[PDB]
Structure formats: structure tokens, C-alpha cells
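The structure appears right after this line, and notes come after that.
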Amino acid sequence: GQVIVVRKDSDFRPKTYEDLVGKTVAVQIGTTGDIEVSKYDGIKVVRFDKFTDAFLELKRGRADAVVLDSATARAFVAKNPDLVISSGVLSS
């Protein structure tokens with residue numbers, strides 16, 4: 001389902017929703033990722049029209065993570081080696 005993407009050039013390696021509490025997390029608005037992260041008190045959720053804009057926030061350092069669907073996240077990270085998928089499939 002969902003995975004957590006973070007910067008490769010970081011020691012931050014979240015594996016669960018709880019690991020995102022306190023962090024700025026970019027999501028594509030209205031996706032499962034948005035809906036799920038929004039359930040956890042203390043995640044600072046930043047919503048974007050396009051997932052690519054969520055990823056841009058992460059690449060620039062203005063967000064700490066992105067939560068998105070596995071296949072879409074994989075196809076993007078494939079071409080963005082400054083990013084890494086730090087989780088397996090999240091248990092939602």
C-alpha cells in the first residue's frame with residue numbers, strides 16, 4: 001500500500017507512522033497517503049495537488065518525508081537517487 005520516502009543523504013529512516021510524529025510530511029492531497037498520515041496526532045501534514053511537488057519539497061529539505069503508494073513512489077525514486085524508500089509497506 002503506502003511507503004515512506006525520505007532523503008538518502010540523511011540518517012532519518014522511519015519505518016512506521018509513529019516515526020513521522022514531529023516531522024513535516026508531504027502528501028498528494030486526497031490519496032490514501034494523505035488520509036492515513038492525517039490520522040496520527042502530531043504529524044505535520046503538507047498537502048500538494050501533485051505528488052511530484054510533494055517530492056520536490058522533500059528533495060529541497062522543506063519536508064522530512066513523503067508518504068505515497070508503493071508503485072508510484074518506486075517509479076519516482078528510481079530516477080531520484082537523492083531519495084530512498086525507508087519503509088517496507090506500512091501497516092495502515
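Labeling convention for the C-alpha cells: chains A, B, ... as they appear, residues from 1 per chain, ligands from 1 in order of appearance.
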
**OP:** DSSP on the backbone, then: every residue of stretch 50-82 of chain A marked strand (DSSP E or B), written as an MDAnalysis selection string.
**Re:** chainID A and resid 65:69

Write the residues you've just listed into a file as a PDB file, in the first residue's frame, and include C-alpha atoms for each of them.
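What follows is the written file out_36.pdb:
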ATOM      1  CA  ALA A  65       9.274  12.609   4.251  1.00  0.00           C
ATOM      2  CA  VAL A  66       6.639  11.762   1.679  1.00  0.00           C
ATOM      3  CA  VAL A  67       4.048   9.017   2.112  1.00  0.00           C
ATOM      4  CA  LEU A  68       2.694   7.601  -1.132  1.00  0.00           C
ATOM      5  CA  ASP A  69       1.570   4.448  -2.918  1.00  0.00           C
TER       6      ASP A  69
END

Subject >> Spatial neighbours of stretch 53-63 of chain A, 9 Å, only C-alpha atoms, chain gap at least 6 places, as JSON, numbers by chain >> reply: {"A": [5, 6, 7, 23, 24, 25, 26, 27, 28, 46, 47, 76, 80, 82, 83]}

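We find atom CA of residue A:40 and atom CA of residue A:14 to be spaced 14.5 Å apart.
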
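Between atom CA of residue A:92 and atom CA of residue A:10 the separation is 24.8 Å.
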
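With atom CA of residue A:37 on one side and atom CA of residue A:1 on the other, the separation reads 12.9 Å.
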
Original post:
Nearest to residue A:13 among A:32, A:38, A:70, A:86, with distances taken over only C-alpha atoms: which residue is it?
Top reply: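 For residue A:13, the nearest of the candidates is A:86.
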
DSSP alpha helix (DSSP H) residues within stretch 1-86 of chain A, as a short mmCIF file (atom, residue, chain, number, x, y, z; two decimals) with N, CA, C and O atoms, in the first residue's frame:
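out29.cif was written with the following content:
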data_model
loop_
_atom_site.label_atom_id
_atom_site.label_comp_id
_atom_site.auth_asym_id
_atom_site.auth_seq_id
_atom_site.Cartn_x
_atom_site.Cartn_y
_atom_site.Cartn_z
N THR A 32 -4.55 7.92 -0.48
CA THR A 32 -4.51 7.10 0.70
C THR A 32 -3.42 7.58 1.65
O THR A 32 -3.61 7.61 2.85
N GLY A 33 -2.28 8.00 1.10
CA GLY A 33 -1.21 8.50 1.95
C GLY A 33 -1.62 9.68 2.78
O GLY A 33 -1.33 9.75 3.96
N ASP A 34 -2.34 10.62 2.16
CA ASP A 34 -2.86 11.81 2.87
C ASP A 34 -3.80 11.32 3.97
O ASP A 34 -3.66 11.64 5.14
N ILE A 35 -4.80 10.53 3.57
CA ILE A 35 -5.83 10.05 4.52
C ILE A 35 -5.22 9.33 5.73
O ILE A 35 -5.62 9.59 6.91
N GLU A 36 -4.23 8.47 5.47
CA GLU A 36 -3.58 7.72 6.55
C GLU A 36 -2.70 8.59 7.46
O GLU A 36 -2.83 8.56 8.68
N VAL A 37 -1.81 9.38 6.89
CA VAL A 37 -0.98 10.24 7.76
C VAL A 37 -1.82 11.21 8.60
O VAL A 37 -1.46 11.53 9.72
N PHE A 51 1.87 14.75 -6.63
CA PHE A 51 2.89 14.09 -5.84
C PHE A 51 4.31 14.58 -6.17
O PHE A 51 5.18 14.59 -5.31
N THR A 52 4.54 15.02 -7.41
CA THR A 52 5.87 15.48 -7.80
C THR A 52 6.25 16.73 -6.98
O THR A 52 7.39 16.91 -6.59
N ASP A 53 5.25 17.54 -6.65
CA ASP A 53 5.50 18.72 -5.85
C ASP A 53 5.78 18.36 -4.39
O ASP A 53 6.58 19.03 -3.77
N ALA A 54 5.15 17.30 -3.88
CA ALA A 54 5.46 16.72 -2.58
C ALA A 54 6.93 16.28 -2.55
O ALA A 54 7.68 16.56 -1.62
N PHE A 55 7.32 15.57 -3.60
CA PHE A 55 8.71 15.11 -3.71
C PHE A 55 9.69 16.26 -3.82
O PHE A 55 10.79 16.21 -3.26
N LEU A 56 9.30 17.32 -4.53
CA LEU A 56 10.18 18.49 -4.63
C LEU A 56 10.41 19.08 -3.25
O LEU A 56 11.51 19.44 -2.94
N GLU A 57 9.37 19.15 -2.41
CA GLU A 57 9.51 19.67 -1.04
C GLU A 57 10.54 18.82 -0.27
O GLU A 57 11.40 19.35 0.46
N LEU A 58 10.46 17.49 -0.43
CA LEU A 58 11.43 16.59 0.21
C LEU A 58 12.88 16.74 -0.30
O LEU A 58 13.84 16.87 0.48
N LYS A 59 13.01 16.80 -1.62
CA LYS A 59 14.34 16.93 -2.24
C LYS A 59 15.01 18.21 -1.79
O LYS A 59 16.22 18.25 -1.60
N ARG A 60 14.22 19.25 -1.58
CA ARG A 60 14.76 20.54 -1.17
C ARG A 60 15.01 20.64 0.32
O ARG A 60 15.67 21.56 0.75
N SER A 70 3.07 2.58 -3.14
CA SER A 70 4.33 1.89 -3.45
C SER A 70 4.78 2.03 -4.88
O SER A 70 5.91 2.42 -5.12
N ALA A 71 3.96 1.64 -5.84
CA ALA A 71 4.42 1.63 -7.25
C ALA A 71 4.81 3.04 -7.74
O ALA A 71 5.81 3.21 -8.46
N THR A 72 3.99 4.02 -7.41
CA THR A 72 4.24 5.43 -7.85
C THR A 72 5.51 5.93 -7.19
O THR A 72 6.40 6.50 -7.89
N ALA A 73 5.66 5.63 -5.88
CA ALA A 73 6.85 6.08 -5.16
C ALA A 73 8.08 5.41 -5.81
O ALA A 73 9.08 6.04 -6.03
N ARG A 74 8.01 4.11 -6.07
CA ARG A 74 9.12 3.39 -6.66
C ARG A 74 9.54 3.96 -8.02
O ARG A 74 10.73 4.10 -8.29
N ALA A 75 8.56 4.28 -8.86
CA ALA A 75 8.87 4.74 -10.21
C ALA A 75 9.53 6.11 -10.14
O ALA A 75 10.42 6.45 -10.95
N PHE A 76 9.15 6.91 -9.14
CA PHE A 76 9.80 8.23 -8.97
C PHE A 76 11.20 8.13 -8.37
O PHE A 76 12.18 8.73 -8.84
N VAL A 77 11.33 7.29 -7.33
CA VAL A 77 12.61 7.21 -6.61
C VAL A 77 13.65 6.56 -7.56
O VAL A 77 14.86 6.85 -7.48
#

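With distances taken over only C-alpha atoms, A:84 is the one residue among A:78, A:43, A:84, A:29 lying closest to residue A:12.
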
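Among A:81, A:88, A:42, A:30, the residue with the shortest atom-to-atom distance to residue A:18, counting only C-alpha atoms, is A:42.
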